[PDB]
6 protein chains.
Amino acid sequence: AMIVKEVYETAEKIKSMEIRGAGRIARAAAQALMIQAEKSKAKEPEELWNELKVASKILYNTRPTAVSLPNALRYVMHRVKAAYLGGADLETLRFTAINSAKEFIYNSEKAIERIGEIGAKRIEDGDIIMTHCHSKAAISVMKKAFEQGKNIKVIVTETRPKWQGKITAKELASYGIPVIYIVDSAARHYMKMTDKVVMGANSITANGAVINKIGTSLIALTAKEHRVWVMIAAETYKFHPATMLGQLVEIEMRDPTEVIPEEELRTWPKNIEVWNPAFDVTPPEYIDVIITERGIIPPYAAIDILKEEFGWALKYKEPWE
Amino acid sequence: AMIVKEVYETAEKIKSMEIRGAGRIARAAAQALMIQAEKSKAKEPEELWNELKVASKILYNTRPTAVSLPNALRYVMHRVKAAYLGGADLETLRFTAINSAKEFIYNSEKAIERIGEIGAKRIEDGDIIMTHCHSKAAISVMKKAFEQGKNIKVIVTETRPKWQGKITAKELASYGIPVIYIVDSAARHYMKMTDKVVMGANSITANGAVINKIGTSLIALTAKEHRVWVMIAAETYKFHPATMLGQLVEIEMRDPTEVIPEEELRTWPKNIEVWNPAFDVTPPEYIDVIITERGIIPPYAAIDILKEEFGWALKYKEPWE
Amino acid sequence: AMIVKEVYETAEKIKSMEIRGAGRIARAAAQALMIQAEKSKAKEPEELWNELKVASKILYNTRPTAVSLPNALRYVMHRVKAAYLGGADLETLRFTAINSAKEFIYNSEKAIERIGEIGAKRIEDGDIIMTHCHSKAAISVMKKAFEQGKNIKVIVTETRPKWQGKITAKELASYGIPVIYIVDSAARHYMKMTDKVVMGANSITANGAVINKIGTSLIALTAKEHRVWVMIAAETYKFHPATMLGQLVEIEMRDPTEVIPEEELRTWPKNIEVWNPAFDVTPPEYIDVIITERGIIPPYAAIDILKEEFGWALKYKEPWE
Amino acid sequence: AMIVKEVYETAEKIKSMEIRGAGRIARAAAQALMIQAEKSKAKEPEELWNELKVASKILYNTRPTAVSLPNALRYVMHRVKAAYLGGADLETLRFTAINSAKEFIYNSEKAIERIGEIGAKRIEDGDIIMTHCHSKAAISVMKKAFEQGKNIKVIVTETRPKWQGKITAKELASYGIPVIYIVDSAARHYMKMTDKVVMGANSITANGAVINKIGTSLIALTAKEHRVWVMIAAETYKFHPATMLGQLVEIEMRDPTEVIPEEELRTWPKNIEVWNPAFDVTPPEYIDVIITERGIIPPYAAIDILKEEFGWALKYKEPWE
Amino acid sequence: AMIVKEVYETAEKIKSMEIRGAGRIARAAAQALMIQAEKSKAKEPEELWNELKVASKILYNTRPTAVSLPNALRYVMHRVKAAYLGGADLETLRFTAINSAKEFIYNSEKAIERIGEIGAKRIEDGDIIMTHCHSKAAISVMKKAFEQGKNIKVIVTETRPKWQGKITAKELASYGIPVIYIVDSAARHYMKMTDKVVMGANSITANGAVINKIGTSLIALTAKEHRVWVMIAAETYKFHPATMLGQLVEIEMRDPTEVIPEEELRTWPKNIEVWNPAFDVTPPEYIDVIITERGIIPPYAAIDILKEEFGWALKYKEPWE
Amino acid sequence: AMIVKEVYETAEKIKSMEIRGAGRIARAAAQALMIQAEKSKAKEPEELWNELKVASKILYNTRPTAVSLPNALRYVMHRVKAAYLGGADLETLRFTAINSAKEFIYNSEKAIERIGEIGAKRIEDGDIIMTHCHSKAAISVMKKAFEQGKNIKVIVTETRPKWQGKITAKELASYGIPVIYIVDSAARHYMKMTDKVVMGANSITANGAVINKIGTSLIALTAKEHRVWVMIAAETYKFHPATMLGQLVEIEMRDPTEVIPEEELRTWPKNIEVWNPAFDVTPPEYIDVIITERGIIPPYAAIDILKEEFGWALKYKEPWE
Ligand SMILES: O=P(O)(O)OC[C@H]1O[C@H](OP(=O)(O)O)[C@H](O)[C@@H]1O
Ligand SMILES: O=P(O)(O)OC[C@H]1O[C@H](OP(=O)(O)O)[C@H](O)[C@@H]1O
Ligand SMILES: O=P(O)(O)OC[C@H]1O[C@H](OP(=O)(O)O)[C@H](O)[C@@H]1O
Ligand SMILES: O=P(O)(O)OC[C@H]1O[C@H](OP(=O)(O)O)[C@H](O)[C@@H]1O
Ligand SMILES: O=P(O)(O)OC[C@H]1O[C@H](OP(=O)(O)O)[C@H](O)[C@@H]1O
Ligand SMILES: O=P(O)(O)OC[C@H]1O[C@H](OP(=O)(O)O)[C@H](O)[C@@H]1O
């Protein structure tokens, strides 16, 4: 394990959330295996197979909740394993890693674009769209709907604690899309004026439940109370294979100082705990479609996305062990 | 109109929200009429009746949404008007103002205490209580339940944009009550662990709808989804007489810089608007009781609170015009 | 029983529905007792008390469902009975009938006006209002909201079988109020664009259930699904005293030829029955306020309207027996 | 483009709705391509491929909402295209069109029959069935349930504006099936006495939403409120492929004179608009099964009907362009 | 405290549930004070006031949940206290106790009869009525509806653990009323065939919640799911004054051997606990009316029953302390 | 048809419910065909094919509702038919029956184990689990969750009329799992303290509806009201193929003396009927996942379980006719 520096820097960027968003974290991790296999000072295949195994674990142990990341690594390492176990020279394996990781990064970019093309068709001229957090897939939809000539207006929820709504406001604002910026608490008060909800996903489960930024479940709840469509924009690599076998997705708890700043937090009584769930889970009865690069589906056909693509891997162990 | 300084300082403190909370704003305004009538350099009754009329308008025009304030002024000025129009000397009227405003301030303090006594009886040993904002009435309930020996734990929602949840956390924390501090978005994720919701009110309407800090409606929604009791703690002067005759309560929109700080806000594109509703409206089907100083009621008996106390005043004009 | 002609002509106009609408039917019936007592060729009091008793029964037996009618007659005949049983000359009783029936007709006109004043305050500039049938009380609200300067637009449901929506469209259209005319089936499809529902009542019960034109219950249902306010505009004489003692309101079934025309109906197979309920019942959980001349109430305070006004009469028999 | 007369006459019959019902419109259009290819005075293949392309567009541009029609044309023209582009003589192509259009017409008739066989098994002896409009598939179910010996009774909703319920009443009435005929507004009032709802479809979407005659959504709503099964009877060619890629189905607005007759309509104020949506959309949470010729499915497996049959065509363009 | 034997025998009969039903327990307790004051060997008033105080506590401490019992004692002892504290001879006080307890027993019998008269008017010819437990008030309604000529059929739920449904089946069966007897679990399966639910109450609260035999809440839930009316039949002395001041009603837990017999229970592992709540609480949103001797009310007007009758006593202490 | 004794004894044990539980009944029936083919005194193949056909019908006609049983027989007799109709000697066919029935019994045992492995992953440390009846699959989940180290506590509903909850309490109690034993009526009162519901199935339909012990539907209802997960544990052979073609599952009505004992029942009036449905049907909107040996699915993917495994058999007749 003579792991390159960039693998470590990616991992610490993922953890700190300097690199964030579940699509991007997955491309960043595939990027990090790519730069491993390129800069490897390795002589044998069996030495390279060890390096990528180890870089895979490092990058897996960063953040648990977005399955995009585990699937990026699997899409690389399923292939690299089958090459090694069939028997391949140094520059063949090195290639298979760089070329698997090339495919995935490209595939992600295609999927996000193709999601906007498909999602925008469900946005109508004049629509007010409420969103949450900063999702590239979700934003792909709104952009495309604006480019088509529809006069949308987007309500951006600020998305505490990490303020991702500021990112989202600035990004849409600067494509010409008008934005209304509200605190998260104001989501029911403005649900009446909203015509559609577009939000993203970190993981999607067997039964169609959507794991996504904290607060997603509440917006979906009140959307459902007012009969406003909740549409989840999500690449197929966001769907969670392990949930097919009864696994619950771990909900990451991030540092309390994101909520109350360190300087302030340390002055507070011992008998206040600050809890910081980064995600919540939204049931499928509150979601209208999931928009993927293969199409619109009801949330309940999550299980079919998972069967046809990821199901074969579950009788096997993980491909970096 | 030779209005005293303290009336102006109260009014600007109310507007800036250095004085906040609907019970307190009402006692602050009654306090401000009291210090007018004491420091008046007035010779005639008809000169005093003008001063208090004018101080009444100043204090009314501060903030629209909490009806506690209009009712504090009415409780003073209904009486002061009936004295003047019956015919009373300078020091008789001066007294009637100081002594009406004495009664109200005391009445408020009694009511809040008596609300805790009544509300705490609905809190059970071991309960987790979710609250919102900073409400003295609500806090009166939690305190009393702690003093009775029940081992509660309170989830405090941070209550953006003005961070009132920090006030609430520190205040309960320092009575020995453990606190769990979450962002507002995390309210559904923690509704499962919550046993009761206790929140306050700015206005309560004819039909039982509750106007309260932005986000109240969402917590009540999900509480109702999980069958957790929403209990609203509120003095009878929080109920809104004008709504008996079809008036909708005005929902105050406060400065966008409370949301995004000035320094930051001015750098943002012109095509982002920041909206800041200070309140939302929660329907009566999502509220289990309202706890007042006269008792528990279903939300629908709001109309009876209003009939027996404030209804007589509605065929008349306002008592400072 | 030498009953005047106008009593018979009113009764047949009420039955055929040439005179319709529950407020109007009640004023028409009070008008019919008035013209009895004026044109009476009667010598004794005891002869007059018989005539009005008999004209009361005739007018009661026209149509069962709108309680406005029974209450108009009661408001006349409670008084006329107490005069006779105390002992009064011919022209005293004659007067008491004409002057009770004067009061009621005036009271109705005041109430309807005062309902519009109170209801319009719940209509906001820009609102789209969905209505049903032709209700003078409901229309009073929309008119007043237009006169105040609000730019409303009203969706009129055609209101089969008797096409009352044509009346409603023409009446609002000709006050300058724009109208969108839809079939009754189109009510959910357009509930999303609707901001408020304003409808009237034939009877309101103890528990707050609203009896009104067939189709009211469905509009209220879907309004509730979309969280659009259902507001029922209704005079206090629309509330049903007998329901306080467990009586269900009879739902009138009118001639099948209103549905399918005679010429056509007679050609159809024997094994098709055409049913024609004139009314349906809408539960109080789907109604937001009832607007009356005394004020806004939650539907559940129906029982209080009934207690304070009509309850005393229920230990007694009917005042024309 | 020397298009035969019958293509034009079919198209104008489809538009006027002299030919109506989504199964029938699709067989009428396949019938119209059949009579084109038979009566063609064409010398070349490339001349015939032009004629059918042009007759296909004519018949497609009639009415947008029922996808049965586009799928009838596709089932013909997918095949005729593959013959031409492989290379086939005049009488080979002519045949492929006549023989594709033979298959479809037969397939439709089989499917409708087979739907009744499958649907009737969900109807129980004594059931009251509420229906809407005139659907051959729906009627196939009720007929078969009657033939099996079950003593049903059908509530026919009149189905304004075009009165399709008259068709439905007469058709069932004349198979011995008793019918109760109500206005559309009366659907909740009679939902309590109803045991099952059987209705048809114009289009069914990816996510399981059902597009069908205006008023379907309301009946389904109240059915769901009372827990009465809504069963949608629909051939697989009713399902909408384009919705797999995010397309919303266009909802046809038909002439306002269907609602208010011309003679009458022209006398009305300019400021009344008459809107006439021919269809509405019913969400899948309000539908219990969809009965197709391949079987019962939950509405959410719409996406699987679409994947296995129509999905291959969506990477391609339309087969008449 | 030379307490008579019959007071002790009543108390042990109440505890064992040989005397059961909340109306009856209250008449049994009033009967027990009556036989105290008649058989008293007391010389002074102050000796008699002690005896009845002590017999009152004995009878209060039997079973907590039915408030009928506390109100029977209060109706006796409010009066007996006011006599003593005004100053009355032995045979005056003795009388006031016997004559207060005479009134109450009679009042109960009138109320139950009058409840059937009022409730039966809401039962329609042909109705299937589901009931629970054995309630005299509820049974009063069904009897009266049968006597009026309506052809009802009653579904009796067996009402574990104490099998009260056997009592109910036999009692209705023997008035000619047909009965269908089901286990409690079968209540949803038969809710579709049910037209009305009639059940009784032990306590009714300020906010309209109904405490009644274990299982009431579930029947009410599914009734509400199917839109079947839940009607609660209950005397005004069933309503709970203390809940006006925030008191929760204690839910009695009875011996586990009622569930699993002693002989059997003692053989079971130590790590099985048998819990036996005698009651549950049903929210007011699931109840359609409460039928009392003063009339039908929505459940939310519980607070008004309590205000006008029992509210005066709550600033005072209990009248046997 | 020289049927062996054990086939008859199994059948009468199945009917009496000495052998019960839908997994077990299916293994008992496969066991009974196995012992037929082993003890057959048959000379020809065509004689053996008759014996197993006849033993198949006997075992099918025992109890209708659990489809596990029909599928056990089909899994045996699909194979035995294809052997015979291809042409096989006595000891070849005899084997094919014994070896098909070997596979199924083993497959069942694997499936139940594998269900616990998959289900337990959805149970979390500290969970309170409510169950119903006695289901081996459900119990497999709870056991495995206990073995993993999670500190669960199970609420066992007694499950009248046949007291299966006693079986369940004793079985879990004796693996160290603490149990709380309640009557069935107490299920809502304890739903608040419950974290998960785990229950089994007799049949699962095309649309995802679950047929299971009487009372399942009610627990699922209130679970859904409180947002507690309902998870159904069920082998793939529990899913019902015939429902794919519109068949409703027959709901078995068992002897009324299970409810009220014979000795007692015969003394009761003629006009009491005792109804005893053994099962009820729970809609898929109230079920969160179904846990099978192939995985977690949303209830709506029932149709996919059925398509891939049992669908091929439905164009054919039954394989013992
Ligand atoms: O992958 P895209 O669509 O861009 O974003 C998907 C989701 O990832 C983000 O989480 P975080 O910022 O990693 O905490 C948000 O939850 C967002 O909805
Ligand atoms: O009167 P008390 O019970 O203390 O507080 C009542 C309510 O007043 C506050 O509003 P703001 O802080 O004036 O904006 C919050 O909405 C709080 O719930
Ligand atoms: O009394 P107003 O408010 O005018 O009308 C009240 C109601 O009376 C009408 O019934 P009908 O036309 O008598 O059958 C409609 O139901 C309308 O909503
Ligand atoms: O295809 P079938 O089952 O016969 O009818 C299906 C549907 O087509 C009809 O529409 P229209 O009459 O074309 O406007 C109705 O909406 C009906 O439910
Ligand atoms: O007073 P009545 O209407 O007769 O019965 C009222 C209620 O009292 C009974 O309780 P228990 O048998 O004392 O445990 C049942 O809960 C019944 O519904
Ligand atoms: O197959 P397993 O999971 O063991 O049990 C499944 C179901 O079978 C039982 O029915 P019965 O006892 O045959 O009446 C219960 O309904 C139980 O939930």
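Note that chain D carries Swiss-Prot numbering, so the residues on display, from first to last, are 3-323.
Recorded method for this deposit: X-ray crystallography, 2.7 Å.
Including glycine, each Cβ sits where the backbone N, Cα and C put it.
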Same-site residue for substrate (record: Swiss-Prot; known: D:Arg22, D:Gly23, D:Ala24, D:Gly25, D:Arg65, D:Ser137, D:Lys138, D:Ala139, D:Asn214, D:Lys215; options: D:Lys112, D:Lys168, D:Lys240): D:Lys240
Nonlocal neighbours by CB distance (under 8 Å) for D:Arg65 (substrate binding site), same chain, sequence gap 6 or more: D:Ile16, D:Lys17, D:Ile27, D:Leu71, D:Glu254
Candidate with sparsest Cβ neighbourhood (10 Å radius) among D:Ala24, D:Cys135, D:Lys138, D:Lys240, the listed recorded positions: D:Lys138
In sequence order, those binding-site residues of D:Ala24, D:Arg65, D:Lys240 whose CB lies under 6 Å from ligand 4: D:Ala24
Site of maximum Cβ density within 10 Å, from binding-site residues D:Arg22, D:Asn214: D:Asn214
Candidates D:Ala24, D:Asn214, D:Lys240 (binding-site residues) with Cα within 10 Å of D:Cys135 (active site, proton acceptor): D:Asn214
Maximal Cα-Cα distance (Å) across residues annotated as binding substrate, namely D:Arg22, D:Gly23, D:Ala24, D:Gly25, D:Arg65, D:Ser137, D:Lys138, D:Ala139, D:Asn214, D:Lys215, D:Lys240: 20
Structural state of D:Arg65 (substrate binding site), classified by DSSP into three states: coil
DSSP three-state assignment for D:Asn214 (substrate binding site): strand
